[PDB]
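The lines below spell out each chain.
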Amino acid sequence: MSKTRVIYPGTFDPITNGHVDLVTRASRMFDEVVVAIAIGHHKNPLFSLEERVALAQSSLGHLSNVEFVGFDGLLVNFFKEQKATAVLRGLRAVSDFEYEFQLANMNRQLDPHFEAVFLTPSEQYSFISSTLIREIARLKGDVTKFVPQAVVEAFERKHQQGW
Ligand SMILES: CC(C)(COP(=O)(O)OP(=O)(O)OC[C@H]1O[C@@H](n2cnc3c(N)ncnc32)[C@H](O)[C@@H]1O)[C@@H](O)C(=O)NCCC(=O)NCCS
Ligand SMILES: [Cl-]
Ligand SMILES: [Mg+2]
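Residues numbered from 1 in each chain as written, not as in the entry; some residues may be left out. Chains lettered and ligands numbered in written order. Heavy atoms only, no water.

The deposited coordinates for this entry were obtained by X-ray crystallography, with a reported resolution of 1.96 Å.

The name that the PDB entry assigns to the chain is Phosphopantetheine adenylyltransferase, with the source organism given as Acinetobacter baumannii. According to the PDB record, the title of this entry is "Crystal structure of the complex of Phosphopantetheine adenylyltransferase from Acinetobacter baumannii with Dephospho Coenzyme A at 1.94A resolution". Heading Catalytic activity of the UniProt record for the chain holds this comment: "(R)-4'-phosphopantetheine + ATP + H(+) = 3'-dephospho-CoA + diphosphate". Note on the chain: under the UniProt heading Pathway, the record states "Cofactor biosynthesis; coenzyme A biosynthesis; CoA from (R)-pantothenate: step 4/5." (UniProt positions renumbered as here; feature names shortened; annotations may be inferred.)

Spelled out as structure tokens, the structure:
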């Protein structure tokens, strides 16, 4: 019996309570979990790589089997470099499901060792996404209930520099 290593890739822009729940659930089932923050070089995230990594560490660093790394390039090359057992993704809607079904099949064609496992959110996180959270924050809504406190403060310090 070997040691399992799953990657959880995303932009995490910012990390939410939904992501936290997924990583916590995953850390019970695999030996190592890698929170893999896509840099988004040609995709314009609101938070920098350093901010997104720090928010993720702050929220999840208490889990001793979770690592945090930024990456770019082809997910399958990262998968190989990392020697992962699988990629993990959350499926919160039908459109998520169809996109991920397609991508898992494309990635398996690029690398036959590739694997993707999916979790479904618990109902109390099911309506949360990073995009929606950015939008509420931007229109000065309170996102406290949906994201870790550190993220709330991070939005206040974008709102303080101006935003
Ligand atoms: C697809 C990319 C950008 C990351 O995905 P995404 O932008 O959805 O990140 P986000 O951080 O918002 O979410 C991460 C994942 O957890 C899920 N999730 C988000 N919120 C929640 C919630 N409340 N509950 C459950 N799941 C959730 C998402 O649906 C997603 O699967 C990234 O994997 C990537 O760019 N890969 C590298 C490039 C590549 O190889 N591209 C195409 C060739 S296959
Ligand atoms: Cl996003
Ligand atoms: Mg999201």
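Caption draft 1: Spotlight on the pairing of strand β2 (residues 32-38). With six of its seven residues buried, β2 lies for the most part within the structure. Pairing analysis gives six bridges linking strand β1 (residues 5-10) to β2, with the strands arranged parallel. Each bridged residue has a counterpart across the sheet, and for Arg5 the counterpart in β2 is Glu32. With respect to chirality, the unit in which β1 leads through helix α1 (residues 17-27) into the neighbouring parallel β2 is right-handed. Strand direction decides the pairing type here: β2 and strand β3 (residues 66-71), joined by six bridges, are parallel. The residue bridging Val33 from the neighbouring strand is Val66, located in β3. The handedness of the β2 to β3 crossover, carried by helix α2 (residues 49-60), is right-handed. (Buried < 20%, exposed > 50% of the residue type's maximum accessible area, 1.4 Å probe, protein only. Helix = DSSP H or I, 4+ residues; strand = E, 2+ residues; numbered from the N terminus. Pairing = 2+ DSSP bridges. Right-handed = clockwise from strand over helix to strand, strands pointing away.)

Caption draft 2: Broad picture of the nonpolar core. Core analysis: the largest hydrophobic core is formed by 33 residues, its most contacted members being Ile15, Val23, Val35 and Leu60. Residue assignment for this core shows that the elements contributing at least two residues are β1, α1, β2, α2, β3, β4 (86-90), α5 (130-138) and α6 (149-161). Not counting residues within four places of it along the chain, the set of residues in contact with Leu60 comprises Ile15, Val20, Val23, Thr24, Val35, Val66 and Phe68. (Core = buried A, V, L, I, M, F, W, Y, C linked by side-chain atoms within 4.5 Å. Contact = heavy atoms within 4.5 Å.)

Caption draft 3: How the structure looks around the site of ligand 1. Neighbouring residues of ligand 1: 21 residues in total, closest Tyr8, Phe12, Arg89, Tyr125 and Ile128. Contact between ligand 1 and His19: an oxygen atom at 3.1 Å from a side-chain N or O atom of the residue. Within the contact set of ligand 1, a nitrogen atom lies 2.9 Å away from a backbone nitrogen or oxygen of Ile128. Contact with the protein chains hides 78% of the accessible area of ligand 1, taken as 920 Å² for the molecule alone. Its residues placed into classes, the shell around ligand 1 shows nine nonpolar, eight polar and four charged. (Near = heavy atom within 4 Å. Polar contact = N/O pair within 3.5 Å; in protein donor to acceptor, adjacent residues only side chain to side chain. Areas by Shrake-Rupley, 256 points an atom, 1.4 Å probe, with all protein chains shown as cover. Nonpolar A, V, L, I, M, F, W, Y, C, P; charged D, E, K, R; others polar.)

Caption draft 4: Spatial organisation of the packing of aromatic side chains. Under the defined criterion, the tally for this structure stands at seven aromatic pairs. Geometrically, the ring pair formed by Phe155 and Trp163 is stacked, given 5.8 Å between the ring centres and 15° between the ring planes. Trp163 sits in the partly exposed class, given a relative accessible area of 34%. Joined through ring pairs, the aromatic side chains of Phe47, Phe155 and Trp163 make up one cluster. (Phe/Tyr/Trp six-rings, centres within 6.5 Å; stacked < 30°, edge-to-face > 60°.)

Caption draft 5: Region of the structure containing the pattern of salt bridges. Counted by the stated rule, this structure contains eight salt bridges. For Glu67, the salt bridge goes to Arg5, with nearest N and O atoms at 2.7 Å. Of this pair, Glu67 sits in strand β3 while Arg5 sits in strand β1, placing them 62 residues apart in sequence. A relative accessible area of 31% means that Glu67 is categorised as partly exposed. Under the relative-accessibility criterion, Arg5 is labelled buried at 13%. We note a salt bridge from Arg157 to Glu153, for which the minimum N-O separation is 3.9 Å. Placement of the pair is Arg157 and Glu153 together in helix α6, with a separation of four residues, close to one helical turn. (Salt bridge = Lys/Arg side-chain N within 4 Å of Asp/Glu carboxyl O.)

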